[PDB]
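Enquirer: coordinates for the following, if possible.
(chains A and B, ligands or ions: 4)
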Amino acid sequence: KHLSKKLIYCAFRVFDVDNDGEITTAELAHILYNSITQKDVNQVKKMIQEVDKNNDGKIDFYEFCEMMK
Amino acid sequence: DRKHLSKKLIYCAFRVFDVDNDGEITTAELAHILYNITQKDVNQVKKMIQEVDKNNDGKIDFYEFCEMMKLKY
Ligand SMILES: [Ca+2]
Ligand SMILES: [Ca+2]
Ligand SMILES: [Ca+2]
Ligand SMILES: [Ca+2]
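Expert: Residues are numbered from 1 along each chain as shown, chains lettered A, B, ... in the order given. Ligands and ions are numbered 1, 2, ... in the order given. You can find the structure just below:
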């Protein structure tokens, strides 16, 4: 389990582009779609809402783990 | 639907770890992601890969990466 934990940490760090400890809509859209559309942004917003435990519109590491485990 | 999203993020995570896009994470790629290596570090990585290598080739493919992310039923 430790190794999957370590890789979950690394994955978050790489998605958290600006290193503030939160994945935003803009960061998540960028990872999901490497010049993308409003429709895509709204779909990302809805995804975040399914796992956003503190309702701030972002995904922190705890929320990322909860979603992964 | 939240299963679907975790699945999408597991795909994206793999892709980013698989630096050269050949569909396999190798010792060198995993070491690179784990360490911002000495021989000791390389061997530590090789041991981690062993724990989850299912086809005994010393690399982690997406299927193995996914399996590792979930419980053994
Ligand atoms: Ca961030
Ligand atoms: Ca949040
Ligand atoms: Ca590779
Ligand atoms: Ca393998």
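
Enquirer: report whether stretch A:53-69 contacts chain B.
Expert: Yes. Contact of stretch A:53-69 with chain B (CB under 8 Å from any CB of the partner chain) involves A:67, A:68. To be clear about C-beta, it is placed using only N, CA and C from the backbone, and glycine gets the same treatment.

Enquirer: what sits up against that stretch?
Expert: Stretch A:53-69 is contacted from outside by A:8-9, A:11-12, A:15, A:21-25, A:28, A:45, A:48-49, A:51-52, B:2, B:5-6, B:9-10, B:69, using CB atoms under 8 Å, 6 or more residues apart in numbering or on different chains.

Enquirer: now do the buried residues in that stretch.
Expert: A:58, A:59, A:60, A:63, A:64, A:67, A:68 (16 or more other CB atoms under 10 Å in any protein chain shown).

Enquirer: just confirm yes or no for it near ligand 1.
Expert: No. Using CB under 5 Å from the ion, stretch A:53-69 never reaches ligand 1; the gap is at least 7.5 Å.

Enquirer: quick check, central residue of chain A?
Expert: The structure's chain A has its C-alpha centroid closest to residue A:23; by CA atoms, centre = their mean the separation is 4.5 Å.

Enquirer: ok, it - contacts?
Expert: Counted by CB under 8 Å, 6+ apart, residue A:23 has contacts A:12, A:15, A:16, A:31, A:58, A:59, A:60, A:64.

Enquirer: need the contact partners of the helix or strand encompassing residue A:4.
Expert: Per DSSP states H and E: residue A:4 is located in helix A:2-15. With contact meaning CB under 8 Å, 6+ apart, helix A:2-15 is reached by A:19, A:23, A:27-28, A:31, A:61, A:64-65, A:68, B:9, B:12-13, B:16-17, B:33-34, B:48, B:51-52, B:65, B:68-69.

Enquirer: I appreciate the help and will end here.
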